[PDB]
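Counting from 1, the numbers follow the sequence of the chain as shown.
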Amino acid sequence: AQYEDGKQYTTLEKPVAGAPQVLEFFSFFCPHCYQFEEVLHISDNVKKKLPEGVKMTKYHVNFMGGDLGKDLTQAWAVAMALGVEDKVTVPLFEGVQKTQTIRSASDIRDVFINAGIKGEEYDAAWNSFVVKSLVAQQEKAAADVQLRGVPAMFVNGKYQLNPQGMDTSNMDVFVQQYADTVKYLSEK
């Protein structure tokens, strides 16, 4: 077959019911995640090829970067609640991995302030029980699929993208293959 279990994707022997249609996991500490976002724009190219009536979800994980990793998961919850994901994703990636100017929760906060979210607004969100449940959701979704590595994408709670089995000579061909795989799995 052109798409084979175990080649462009793997199948969860323990399928997750009620799961989001397209579910991505990342960490701001994760080097391939940095590429996926800034160089490859995976999420965006997947969205462009998906049918529609299909929603895309992206969650942060705790297992990298210890205490700061958990802060970043809460901050991503703040980003989701306020709907400012597209304004903070790149400066969070560069603050953690490029400039190394993110070393504390106050530094994460600065990224939001500089992106124009108001102090008042960020701190209220940060402390809100809407953000608490949102952090819980990120953890539960990761827990549901035994997640030990990122970047990771899961379709319909039963298939997991496997980028290691796609060509990487050409960044653009890699992305189309990844996106076309998501679409194929979507239609499956």
Side-chain angles (χ1 to χ4, degrees), residues 1-52 54-66 68-70 72-73 76 79-80 85-86 88-98 100 102 137-188:
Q2 287 285 348
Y3 296 93
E4 283 156 17
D5 188 298
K7 176 67 179 155
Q8 296 98 322
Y9 68 102
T10 50
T11 302
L12 302 178
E13 40 186 275
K14 252 263 200 305
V16 163
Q21 292 177 279
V22 180
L23 177 62
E24 260 177 297
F25 293 97
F26 78 110
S27 171
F28 284 109
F29 278 95
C30 157
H32 284 146
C33 304
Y34 186 112
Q35 288 321 157
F36 268 42
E37 165 68 26
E38 289 201 11
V39 185
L40 305 177
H41 307 287
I42 291 292
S43 296
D44 190 76
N45 279 281
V46 167
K47 172 175 185 116
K48 289 193 301 80
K49 289 212 164 157
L50 289 176
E52 105 163 340
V54 55
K55 80 174 319 299
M56 284 181 74
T57 307
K58 171 134 71 195
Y59 291 159
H60 194 267
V61 295
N62 293 340
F63 63 80
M64 298 180 80
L68 254 198
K70 281 206 80 159
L72 280 166
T73 299
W76 187 245
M80 282 183 298
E85 300 96 323
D86 296 348
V88 296
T89 285
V90 164
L92 286 168
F93 267 118
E94 295 183 1
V96 179
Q97 294 183 53
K98 188 181 176 184
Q100 292 210 314
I102 290 177
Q137 285 166 231
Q138 294 182 92
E139 302 185 6
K140 178 177 183 298
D144 281 349
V145 292
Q146 332 332 306
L147 186 71
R148 100 173 72 83
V150 282
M153 188 181 289
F154 296 86
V155 188
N156 279 151
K158 343 182 208 217
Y159 313 106
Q160 182 182 352
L161 272 290
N162 172 48
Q164 280 126 323
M166 306 174 184
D167 196 356
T168 65
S169 55
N170 184 307
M171 319 190 86
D172 302 305
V173 170
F174 171 74
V175 175
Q176 286 343 302
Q177 192 179 354
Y178 195 101
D180 289 341
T181 302
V182 178
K183 180 175 197 289
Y184 158 79
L185 292 176
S186 185
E187 290 155 3
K188 209 175 177 77

### Query
Got a donor-acceptor contact below 3.5 angstrom from the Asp167 side chain to the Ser169 backbone?
yes

## Note on the structure
Smallest heavy-atom separation, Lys183 atom then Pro51 atom, equals CG-CD, 4.3 Å

#### Entry: Exam field: side chain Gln21 to backbone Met56, donor-acceptor pair closer than 3.5 Å
no

### Query
Heavy-atom count around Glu4 CD within 6.0 Å, excluding the residue itself: above 12?
yes

### Task
Would you check if there is a donor-acceptor pair between the side chains of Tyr184 and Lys188 at a distance under 3.5 Å?
yes

### Query
Does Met80 reach the side chain of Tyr59, with side-chain heavy atoms less than 4.5 Å apart?
yes

### Summary
Interatomic distance, CD@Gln8 vs CG@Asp180, rounded to 0.5 Å, equals 10.5 Å

### Query
Between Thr10 and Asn162, do the side chains contain an N or O donor and an N or O acceptor separated by less than 3.5 Å?
no

### Within 6.0 Å of CG in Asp86, more than 12 heavy atoms from elsewhere
no

### Message
Any non-hydrogen side-chain atom of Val61 less than 4.5 Å from a side-chain atom of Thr73?
### Response
no

### Query
Do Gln2 and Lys7 pass the side chain to side chain contact (heavy atoms under 4.5 Å, CB included) test, and can you show the C-alpha distance, the side-chain angles, and the key distance before you say yes or no?
CA-CA 10 Å; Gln2 287 285 348; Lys7 176 67 179 155; over 6 Å; no

### Query
Are the side chain of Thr181 and the backbone of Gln177 linked by a donor-acceptor contact shorter than 3.5 Å?
yes

### Smallest separation among heavy atoms of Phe29 and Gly69, with atom names
CE1-N, 4.0 Å

### Task
Start with the C-alpha gap between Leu68 and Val96, add the side-chain angles, then the distance that decides, and say whether side chain to side chain contact (heavy atoms under 4.5 Å, CB included) holds.
CA-CA 10 Å; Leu68 254 198; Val96 179; over 6 Å; no

### Message
Once rounded to the nearest 0.5 Å, what's the spacing between atom CD of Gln160 and atom CG of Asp5?
### Response
11.0 Å

Compile the donor-acceptor pairs under 3.5 Å between side chains in residues 32-39 and protein atoms, sequence neighbours left out, one pair per line.
residue	atom	partner	partner atom	Å
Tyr34	OH	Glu38	OE1	3.4

### Query
Do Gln97 side-chain atoms and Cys30 backbone N/O form a donor-acceptor pair below 3.5 Å?
yes

### Query
How far apart are the closest heavy atoms of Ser186 and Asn156, and which atoms are they?
O-OD1, 3.8 Å

### Task
Spell out, as yes or no, whether a donor-acceptor pair under 3.5 Å connects the side chain of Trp76 to the backbone of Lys58.
yes

Atom pairs and distances, side-chain donor-acceptor, residues 144-155, under 3.5 Å, sequence neighbours left out:
residue	atom	partner	partner atom	Å
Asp144	OD2	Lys140	NZ	2.7
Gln146	NE2	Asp144	O	2.8

### Message
Within a 6.0 Å radius of atom NZ on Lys49, are there more than 12 heavy atoms belonging to other residues, nucleotides or ligands?
### Response
yes

### Task
Please work out which of the three classes, parallel, tilted or perpendicular, describes the rings of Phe26 and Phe93, given edges at 30° and 60°.
tilted

### Message
I want to check something: taking the side chain as every heavy atom from C-beta on, are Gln176 and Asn170 in contact at a cut-off of under 4.5 Å?
### Response
no

### Message
If I take atom OH from residue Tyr159 and atom CG from residue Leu185, how far apart are they, to the nearest 0.5 angstrom?
### Response
7.0 Å

### Task
Search all heavy atoms of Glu85 against all heavy atoms of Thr89 and return the closest pair with its distance.
O-OG1, 2.9 Å

### Message
Testing the basics here: between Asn45 and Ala179, what is the closest heavy-atom pair and its distance to 0.1 Å?
### Response
O-CB, 3.8 Å

### Message
Would you say that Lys47 contacts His41 through its side chain, given a criterion of any heavy-atom pair below 4.5 Å between the two side chains?
### Response
no

### Query
With a 4.5 Å heavy-atom cut-off, do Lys158 and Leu12 have their side chains touching?
no

### Query
With sequence neighbours excluded, what pairs up with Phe63 under the ring-ring contact (aromatic ring centres under 6.0 Å, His included) test?
none

